[PDB]
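Student: Before I ask anything, let me first share the structure, which is written out below as structure tokens.
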Amino acid sequence: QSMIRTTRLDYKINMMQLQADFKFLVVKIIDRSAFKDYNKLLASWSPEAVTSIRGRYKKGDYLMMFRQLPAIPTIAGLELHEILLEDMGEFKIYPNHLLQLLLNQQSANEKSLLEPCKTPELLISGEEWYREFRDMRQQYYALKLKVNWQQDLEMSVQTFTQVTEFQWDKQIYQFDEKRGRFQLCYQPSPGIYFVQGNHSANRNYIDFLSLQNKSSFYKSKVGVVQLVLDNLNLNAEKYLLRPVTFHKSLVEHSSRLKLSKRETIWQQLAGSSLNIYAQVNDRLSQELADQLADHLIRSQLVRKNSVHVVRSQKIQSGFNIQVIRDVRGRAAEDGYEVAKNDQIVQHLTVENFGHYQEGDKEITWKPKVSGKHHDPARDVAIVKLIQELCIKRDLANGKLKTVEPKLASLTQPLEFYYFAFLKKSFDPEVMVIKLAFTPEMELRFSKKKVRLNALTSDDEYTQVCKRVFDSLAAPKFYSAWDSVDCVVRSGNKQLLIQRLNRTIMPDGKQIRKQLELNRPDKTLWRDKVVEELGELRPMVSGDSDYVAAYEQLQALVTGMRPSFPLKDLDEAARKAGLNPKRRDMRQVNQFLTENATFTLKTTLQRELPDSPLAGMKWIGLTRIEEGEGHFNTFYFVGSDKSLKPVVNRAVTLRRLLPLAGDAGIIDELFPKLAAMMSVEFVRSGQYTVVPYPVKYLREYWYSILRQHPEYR
DNA sequence: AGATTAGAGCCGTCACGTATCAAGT
DNA sequence: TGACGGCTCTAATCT
DNA sequence: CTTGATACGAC
Ligand SMILES: [Mg+2]
Numbered sequence: 004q005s006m007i008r009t010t011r012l013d014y015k016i017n018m019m020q021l022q023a024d025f026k027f028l029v030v031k032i033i034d035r036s037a038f039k040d041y042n043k044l045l046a047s048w049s050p051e052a053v054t055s056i057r058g059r060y061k062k063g064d065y066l067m068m069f070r071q072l073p074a075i076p077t078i079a080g081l082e083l084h085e086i087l088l089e090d091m092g093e094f095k096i097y098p099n100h101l102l103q104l105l106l107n108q109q110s111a112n113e114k115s116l117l118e119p120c121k122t123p124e125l126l127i128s129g130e131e132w133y134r135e136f137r138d139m140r141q142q143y144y145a146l147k148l149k150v151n152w153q154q155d156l157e158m159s160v161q162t163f164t165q166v167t168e169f170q171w172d173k174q175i176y177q178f179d180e181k182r183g184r185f186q187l188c189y190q191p192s193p194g195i196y197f198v199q200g201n202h203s204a205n206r207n208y209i210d211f212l213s214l215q216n217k218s219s220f221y222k223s224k225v226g227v228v229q230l231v232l233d234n235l236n237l238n239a240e241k242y243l244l245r246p247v248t249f250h251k252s253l254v255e256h257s258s259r260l261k262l263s264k265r266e267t268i269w270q271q272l273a274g275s276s277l278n279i280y281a282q283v284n285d286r287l288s289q290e291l292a293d294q295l296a297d298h299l300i301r302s303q304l305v306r307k308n309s310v311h312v313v314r315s316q317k318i319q320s321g322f323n324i325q326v327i328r329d330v331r332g333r334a335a336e337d338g339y340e341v342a343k344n345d346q347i348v349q350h351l352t353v354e355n356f357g358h359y360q361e362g363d364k365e366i367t368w369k370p371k372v373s374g375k376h377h378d379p380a381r382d383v384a385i386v387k388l389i390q391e392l393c394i395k396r397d398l399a400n401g402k403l404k405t406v407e408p409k410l411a412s413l414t415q416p417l418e419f420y421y422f423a424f425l426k427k428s429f430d431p432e433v434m435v436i437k438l439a440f441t442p443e444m445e446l447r448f449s450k451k452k453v454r455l456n457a458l459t460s461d462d463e464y465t466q467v468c469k470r471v472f473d474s475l476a477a478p479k480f481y482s483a484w485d486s487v488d489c490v491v492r493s494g495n496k497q498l499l500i501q502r503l504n505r506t507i508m509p510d511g512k513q514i515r516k517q518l519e520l521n522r523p524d525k526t527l528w529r530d531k532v533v534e535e536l537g538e539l540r541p542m543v544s545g546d547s548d549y550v551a552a553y554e555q556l557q558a559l560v561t562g563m564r565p566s567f568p569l570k571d572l573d574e575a576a577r578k579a580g581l582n583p584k585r586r587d588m589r590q591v592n593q594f595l596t597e598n599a600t601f602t603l604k605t606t607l608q609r610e611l612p613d614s615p616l617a618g619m620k621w622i623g624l625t626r627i628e629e630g631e632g633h634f635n636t637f638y639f640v641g642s643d644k645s646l647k648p649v650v651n652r653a654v655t656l657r658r659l660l661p662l663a664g665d666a667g668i669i670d671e672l673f674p675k676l677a678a679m680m681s682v683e684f685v686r687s688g689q690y691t692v693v694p695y696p697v698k699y700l701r702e703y704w705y706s707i708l709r710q711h712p713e714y715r
């Protein structure tokens, strides 16, 4: 059974050893203005580490670790307290604080020992994470690593920009070239100073996972995290009862459902007219409208589906795609047109769709045509235009037709609740929208306003709000309710879907192992390689050309130079015909990875019984053991296609908790939601994270906001 | 009064191929 | 107003 | 003997 690994950390600190070799102490800046002393005081000190605890009931602010305690002075506005490790519980401290305090001493360099650290946050950076930013203004983006109270390891990106003087008030950070991390600066020191906050229009991003090679892997979030964890394990082995490793977990109700081809939605729009018109006459949308109309005509996909694409002058019945100028707050006339009666309108803007940079007077937009026939109808953007058009038709007609009888009959007995926390109207207020399906698959939208102060009402809309209200940690801000996605109701059974910051983390240990096996340079010796292949020859069994390819590989290394890089051998195999795409090479390729000192290609992309890239694909359900007895259920959404060599983002964990119906809730509804979450018309070419009726609800609420500005 | 968490706003993301099971004269 | 989620931010919050 | 329309793969 597969095993996903979340962010949660599993570890045990060697408590006595931590007490034996270090003397911790806590500092509570009593008065606001006091910080300033604490700083000068901290500058004259040399603590092993510093961390912030932010105890609920005060109980100190900064916990700091030394080897030998300096003579503690007494100053007003703050107070210091030498602590014993058993009182660690007393002051509202938790083992995550000790783990963070120990982690602050590590660095990203391989085989890095412990070092003193005055900065209460691990901020890992590199020389390759720096842009010039026009004229002499340095800028570095770093990966802050922090262990929170829930034992989650949050990784964030923080941008630092150069300043030309030692500035008080705001914190001052300096880059340590050798260690690679950013250190807080307490006194004016030689070097260059940085402050938090980007001052450019380039949002720095770090790829979540890189699989191209080891060098690119170590430049990703997973690579840096794995390096830090390995350094911590090899440096704190005396201080750790159990090594710091990511949580294991089992996966249940896995759904390897295959998304249908995106051209299926094109078939749905069959036999109807699709008008295209522009906002008055701006010479920009007018021209873009003509180009869009002509391309669809020659696509030959609409001709198969008998789609009438007509370039009209103004509003027409049926499907109508229009072109506007994205005026909004541009201090001009807004050409956006509101659909009325049976008209269905989907709007597109020249700036976004045509990538119209302020410049050339003619639109250079061109659909991405590929796959033998160069038909623009396969363009991702144009496909999504039809995808929304079908949804808006369903909303107008009030009938479900997109998901085929099958899925529709599966979603018939379930009802969905969507919560929209109102911005204005002082008193806290959320909009509860309930969607119901008739046996004839007709949409029934109903909403009831509820006040967050008085939930004593017995009506259904109030009761569901009361159930969610207790579940949420701080139901006072927007983001508390924005985290809530929907509430699936099966009559007397309810289930809540909530977002979380917990994410899937692939096995960093295995990724490092295979990538090191496939290191591009990986200097070898001819004798050892020949012997290595020789001993494993009896274990290759035989699959016809499989052994012949293996024997061909053995002969290839025989005639080569005694010391060669792996790239030269890899290049030689390409001439030999052992392309890493045919059945013969792949079996040789996979066999080498399991037991050898080199491999032509890793097995990371390909699926395996126990693949290290687990949880990044398909839909699965897991039961993370958070609190003793209180099992928590989560579901993750990956990607149906094979993952690209580089993965930019990660997979978050949505949370399912039974609002009513004990534990039988999750086992029954999840297979229903599994088929709900396998539709490609919400997220193009990808699994929808939430059930698709949530999409339907969002558009209906958006339509309400158009004529109800007070709800915005 | 610095820490933070909020709350909003943005970049990224959605292809050719060898394998093949059955579509046959 | 391709639009969808992560998530990086900045400002707002709560000190 | 022959090819046509789905899959794990790269990359
Ligand atoms: Mg829209």
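Residue 143 in the deposited numbering is what sits at position 140 of the first sequence, and the numbering runs on without skipping anything. Using N, Cα and C, we set each Cβ at its ideal position, and we do this for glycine too.
Could you check how far apart the C-beta atoms of residue 509 and residue 212 are, in whole angstroms? I think they sit under 8 Å.
Tutor: At roughly 6 Å, the Cβ-Cβ gap stays under 8 Å, so residue 509 and residue 212 are in contact.
Student: Give the DSSP bridge partners of residue 552, in chain order.
Tutor: Per DSSP, none; premise fails for residue 552.
Student: If I follow the unbroken alpha helix (DSSP H) through residue 511, where does it start and stop?
Tutor: Residues 511-520.
Student: Let me check understanding here. Comparing Cα to Cα, which of 16, 685 and 596 lies closest to residue 240?
Tutor: That would be 16, whose Cα lies nearest to the Cα of residue 240.
Student: Could you pull the start and end residues of the beta strand (DSSP E) that residue 449 belongs to?
Tutor: Element bounds for residue 449: 446-454.
Student: Would you report the Cα separation of residue 337 and residue 329, rounded to the nearest angstrom?
Tutor: One C-alpha to the other measures close to 8 Å.
Student: Secondary structure at residue 290, three-state DSSP: helix, strand or coil?
Tutor: Here residue 290 sits in helix by DSSP.
Student: What is the DSSP secondary structure of residue 158, reduced to helix, strand or coil?
Tutor: DSSP places residue 158 in strand when its eight states are reduced to three.
Student: Nearest to residue 172 by alpha carbon, out of 40, 142 and 50?
Tutor: When only C-alpha atoms are compared, the closest one is 40.
Student: Could you tell me which of 26, 206, 177 and 201 sits nearest to residue 192, measuring between CA atoms?
Tutor: If we check each option's Cα against that of residue 192, 177 comes out closest.
Student: Under a Cβ-count criterion, where at least 16 other Cβ atoms within 10 Å of its own Cβ denotes burial, should residue 638 be classed as buried or exposed?
Tutor: Label assigned to residue 638: buried.
Student: Would residue 496 and residue 664 qualify as a contact pair, given that the criterion is a beta-carbon distance under 7 Å?
Tutor: Contact: yes.
Student: Determine the direct distance from the alpha carbon of residue 684 to that of residue 459, and round the result to whole angstroms.
Tutor: Roughly 40 Å separates the two Cα atoms.
Student: What are the boundary residues of the beta strand (DSSP E) that includes residue 473?
Tutor: Here residue 473 belongs to no beta strand (DSSP E); instead the alpha helix (DSSP H) covers 463-474.
Student: Relative to the C-alpha of residue 553, which candidate in 526, 568 and 586 has its C-alpha closest?
Tutor: The candidate whose alpha carbon is nearest that of residue 553 is 586.
Student: What does a CB cutoff of less than 7 Å around residue 493 pick up in its chain, not counting 5 residues either side in sequence?
Tutor: Cβ neighbours of residue 493 beyond the five flanking positions: 416, 417 and 672.
Student: Thinking C-beta only, is residue 63 closer than 7 Å to residue 29?
Tutor: It is a contact, given that the beta carbons lie within the stated cut-off.
Student: With 16 as the cutoff for other CB atoms within 10 Å, does residue 3 come out buried or exposed?
Tutor: Outside the shown range of the chain (4 to 715) lies residue 3, about which nothing can therefore be said.
Student: Taking the C-alpha atoms as reference points, what is the distance between residue 573 and residue 263?
Tutor: So the two alpha carbons sit approximately 37 Å from each other.
Student: Classify residue 620 as helix, strand or coil using the three-state DSSP reduction.
Tutor: Of the three classes helix, strand and coil, the one that applies to residue 620 here is strand, per DSSP.
Student: Applying the criterion that 16 or more other CB atoms from any shown protein chain within 10 Å of the CB defines a buried residue, is residue 167 buried or exposed?
Tutor: Looking at its Cβ environment, which holds fewer than 16 other Cβ atoms inside 10 Å, residue 167 is exposed.
Student: As an exercise, report each continuous alpha helix (DSSP H) stretch of at least 4 residues that is fully enclosed by the segment 533-596, in chain order.
Tutor: As far as the segment 533-596 is concerned, its whole alpha helix (DSSP H) runs of at least 4 residues are 549-561 and 569-579.
Student: Using a Cβ-Cβ cutoff of less than 7 Å, which residues in the same chain neighbour residue 295 once the five nearest sequence positions on both sides are dropped?
Tutor: The answer, listed in chain order, is 279.
Student: Determine the DSSP secondary structure at residue 667, reduced to helix, strand or coil.
Tutor: Looking at residue 667 - three-state DSSP - the assignment turns out to be helix.
Student: Helix, strand or coil: which one does DSSP assign to residue 323?
Tutor: Reduced to three states, the DSSP call for residue 323 is strand.
Student: Beta carbon of residue 690, beta carbon of residue 640: below 7 Å?
Tutor: Yes.
Student: What does residue 245 pair with, by DSSP beta-bridge criteria?
Tutor: For residue 245, which the question treats as bridged, DSSP gives the partners 15.
Student: Is residue 211 near ligand 3, in the sense that its beta carbon is under 6 Å from a heavy atom of that ligand?
Tutor: In the structure shown, ligand 3 is absent; the only ligands present are ligand 1.
Student: Do residue 387 and residue 687 have their beta-carbon atoms positioned less than 7 Å apart in this structure?
Tutor: Going by C-beta atoms, residue 687 is nearer than 7 Å to residue 387.
Student: In whole angstroms, what is the alpha-carbon distance linking residue 104 and residue 157?
Tutor: Spanning the two alpha carbons is a distance of roughly 15 Å.
Student: Return the Cβ separation of residue 453 and residue 484 in integer angstroms, given the expectation that the two are a contact with Cβ distance under 8 Å.
Tutor: Actually they do not touch by this definition, with Cβ atoms about 12 Å apart.
Student: Among the residues of its own chain, which have a CB less than 7 Å from the CB of residue 561, if the five just before and after it don't count?
Tutor: For residue 561, where only same-chain residues beyond five positions count, the Cβ hits under 7 Å are 533.
Student: Taking all protein chains shown into account, do 16 or more other C-beta atoms lie within 10 angstroms of the C-beta of residue 169, making it buried, or fewer, making it exposed?
Tutor: It counts as exposed.
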